[PDB]
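For reference, the chain that follows is the form deposited in one PDB entry, supplied as structure tokens.
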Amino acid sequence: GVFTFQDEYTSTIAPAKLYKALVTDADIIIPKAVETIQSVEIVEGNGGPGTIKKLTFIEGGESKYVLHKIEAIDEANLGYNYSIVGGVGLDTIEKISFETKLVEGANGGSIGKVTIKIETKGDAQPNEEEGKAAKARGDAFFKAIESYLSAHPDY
């Protein structure tokens, strides 16, 4: 099966600055800003499409990681696409991909848009509890970056 989900975030912060924190300087900023993420490292690649990143985090008190493959990175248009290609545990989920953009919000602020595509085996459905947890993580993520940027404008 194929399933899509959308989310939206608003910030007072300007889109190019948010994008620099979220994407360009993600390897430095994300482990600083996000209290449940310890490190963000390049496993392979030069930063462009194909690059594999390893994000190490703590969940339920245990150290885990997830691998992201960069699929598209377009700073001109504040776009960033990636998919999840590995990590700890397992199972019904063949693939989960993300399309993200930042656009001009209010007045000079932003809106962050994320489309999530989930491919499953057969007529398996995406697990609702796991989706709720992921959504909550997304919200907390975007909030933590905003907070950190507010406290550190000229980094």
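So that there is no doubt, residue numbering starts at 1 and follows the sequence shown. Rigid core (definition): largest C-alpha set, two forms, superposition within 1.5 Å.
Missing residues between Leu90 and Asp91 in the deposited sequence, please: none, 1 to 3, 4 to 9, or 10 or more.
Gap between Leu90 and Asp91: 1 to 3 unmodelled residues.
Mean temperature factor over C-alpha atoms, higher-scoring stretch between 40-48 and 106-114:
The deposited B-factors put 106-114 ahead on the C-alpha mean.
Comparing 17-25 with 139-147, which stretch shows the greater average C-alpha B-factor in the deposited entry?
Looking at the recorded C-alpha B-factors, 139-147 comes out higher on average.
Candidate residues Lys69, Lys95, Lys121, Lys64, the one whose C-alpha B factor the record puts highest:
In the PDB entry, the greatest C-alpha B-factor among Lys69, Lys95, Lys121, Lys64 is found at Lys121.
Of the three thirds of its chain by CA temperature factor, lowest, middle or highest, which one includes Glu128?
It falls in the top third of the chain.
Not on display, but discussed next: the form deposited in another entry.
Following rigid core alignment, is the displacement of the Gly61 C-alpha between the shown form and the other one equal to or greater than 2 angstroms?
No, its C-alpha moves less than 2 Å.
After superposition on the rigid core, does the Cα atom of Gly108 shift by at least 2 Å between the shown form and the other one?
The answer is yes, as the C-alpha of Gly108 shifts between the shown form and the other one by 2 Å or more after core alignment.
Can a Cα shift of no less than 2 Å be assigned to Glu128 between the shown form and the other one, given superposition on the rigid core?
Where the cores coincide, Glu128 shows only a C-alpha shift between the shown form and the other one that is less than 2 Å.
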